[PDB]
Amino acid sequence: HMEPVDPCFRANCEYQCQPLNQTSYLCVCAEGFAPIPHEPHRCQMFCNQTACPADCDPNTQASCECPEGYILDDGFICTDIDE
Ligand SMILES: *[C@@H]1O[C@H](CO)[C@@H](O)[C@H](O)[C@H]1NC(C)=O
Ligand SMILES: *[C@@H]1O[C@H](CO)[C@@H](O)[C@H](O)[C@H]1NC(C)=O
């Protein structure tokens with residue numbers, strides 16, 4: 001199964017890699033999954049604060065995402081009406 005480890009294709013992206021590109025390679029996740037409180041790879045998700053809460057949408061509820069990821073359940077959380 002193996003690995004040239006790409007660069008990445010292994011890296012050890014919790015999720016995964018770009019690979020690279022200016023990062024040279026990083027690690028992705030589901031790409032608003034992104035460096036939680038800590039390690040330079042992680043997701044969990046992105047929730048760059050001042051909270052994200054919860055408070056999903058109005059209308060569509062595509063929403064409250066992160067389920068999958070979860071593990072939810074602060075608020076409900078994980079979406080930043082923020083900016
Ligand atoms: C890096 O940029 C090049 C084009 O310049 C292209 O291969 C792609 O957009 C990027 N590579 C990755 C990591 O997908
Ligand atoms: C948002 O800020 C937090 C810490 O304040 C940090 O993880 C990162 O710099 C930004 N993005 C994410 C994924 O949190």
# chains A, B, ... in the order shown; residues from 1 in each chain; ligands from 1
>>> residues_around(residues="residue 18 in chain A", least_positions_apart="3", cutoff="8 Å", atoms="only C-alpha atoms", output="PyMOL selection string")
chain A and resi 21+25-28
>>> write_last_selection(atoms="N, CA and C atoms", output="CSV table (one decimal), in the first residue's frame")
chain,number,residue,atom,x,y,z
A,21,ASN,N,1.3,23.0,-1.7
A,21,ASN,CA,1.6,24.2,-2.4
A,21,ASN,C,1.7,25.4,-1.5
A,25,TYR,N,4.2,20.9,2.0
A,25,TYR,CA,2.9,20.4,2.3
A,25,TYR,C,2.6,20.4,3.8
A,26,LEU,N,1.2,20.3,4.0
A,26,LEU,CA,0.7,21.0,5.1
A,26,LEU,C,0.1,20.0,6.1
A,27,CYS,N,-1.1,20.2,6.5
A,27,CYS,CA,-2.1,19.2,6.2
A,27,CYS,C,-3.5,19.9,6.1
A,28,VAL,N,-4.2,19.4,5.1
A,28,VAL,CA,-5.6,19.8,5.0
A,28,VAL,C,-6.5,19.1,6.0
>>> residues_around(residues="residue 74 in chain A", least_positions_apart="3", cutoff="12 Å", atoms="only C-alpha atoms", output="PyMOL selection string")
chain A and resi 51-55+66+70-71+77-79
>>> write_last_selection(atoms="N, CA and C atoms", output="PDB file, in the first residue's frame")
ATOM      1  N   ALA A  51     -15.567  33.107  19.195  1.00  0.00           N
ATOM      2  CA  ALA A  51     -16.500  32.134  18.654  1.00  0.00           C
ATOM      3  C   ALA A  51     -16.865  32.480  17.206  1.00  0.00           C
ATOM      4  N   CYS A  52     -16.608  31.477  16.349  1.00  0.00           N
ATOM      5  CA  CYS A  52     -17.684  30.574  15.996  1.00  0.00           C
ATOM      6  C   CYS A  52     -18.357  30.048  17.264  1.00  0.00           C
ATOM      7  N   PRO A  53     -19.670  30.349  17.339  1.00  0.00           N
ATOM      8  CA  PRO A  53     -20.670  29.391  17.768  1.00  0.00           C
ATOM      9  C   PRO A  53     -21.162  28.527  16.612  1.00  0.00           C
ATOM     10  N   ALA A  54     -21.901  27.498  17.051  1.00  0.00           N
ATOM     11  CA  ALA A  54     -23.275  27.277  16.618  1.00  0.00           C
ATOM     12  C   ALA A  54     -23.863  28.490  15.871  1.00  0.00           C
ATOM     13  N   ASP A  55     -25.195  28.593  16.020  1.00  0.00           N
ATOM     14  CA  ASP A  55     -25.953  29.484  15.173  1.00  0.00           C
ATOM     15  C   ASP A  55     -25.494  29.311  13.726  1.00  0.00           C
ATOM     16  N   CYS A  66     -20.378  20.838  11.347  1.00  0.00           N
ATOM     17  CA  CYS A  66     -19.209  20.060  11.640  1.00  0.00           C
ATOM     18  C   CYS A  66     -19.463  19.066  12.776  1.00  0.00           C
ATOM     19  N   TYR A  70     -18.182  16.338  13.694  1.00  0.00           N
ATOM     20  CA  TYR A  70     -18.349  16.348  15.141  1.00  0.00           C
ATOM     21  C   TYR A  70     -17.153  15.718  15.869  1.00  0.00           C
ATOM     22  N   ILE A  71     -16.803  16.404  16.970  1.00  0.00           N
ATOM     23  CA  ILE A  71     -17.547  16.150  18.186  1.00  0.00           C
ATOM     24  C   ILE A  71     -18.020  17.480  18.780  1.00  0.00           C
ATOM     25  N   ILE A  77     -21.839  23.206  17.667  1.00  0.00           N
ATOM     26  CA  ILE A  77     -21.246  24.511  17.454  1.00  0.00           C
ATOM     27  C   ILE A  77     -20.930  24.698  15.962  1.00  0.00           C
ATOM     28  N   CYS A  78     -20.051  25.683  15.704  1.00  0.00           N
ATOM     29  CA  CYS A  78     -19.016  25.493  14.701  1.00  0.00           C
ATOM     30  C   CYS A  78     -19.402  26.213  13.404  1.00  0.00           C
ATOM     31  N   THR A  79     -19.727  27.503  13.600  1.00  0.00           N
ATOM     32  CA  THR A  79     -20.061  28.321  12.450  1.00  0.00           C
ATOM     33  C   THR A  79     -20.543  29.696  12.916  1.00  0.00           C
TER      34      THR A  79
END
>>> atom_distance(atom1="CA of residue 11 in chain A", atom2="CA of residue 65 in chain A")
26.2 Å
>>> residues_around(residues="residue 10 in chain A", least_positions_apart="4", cutoff="12 Å", atoms="only C-alpha atoms", output="list in words")
residues 1, 2, 3, 4, 5, 6, 14, 15, 16, 17, 18, 19, 25, 26 and 27 of chain A
>>> residues_near_ligand(ligand="ligand 2", cutoff="10 Å", atoms="only C-alpha atoms and all ligand atoms", output="NGL selection string")
:A and (31-52)
>>> atom_distance(atom1="atom 6 (C, counted along the ligand's line) of ligand 1", atom2="CA of residue 23 in chain A")
12.7 Å
>>> closest_residue(among="A:13, A:20, A:29, A:56", to="residue 81 in chain A", atoms="only C-alpha atoms")
A:56
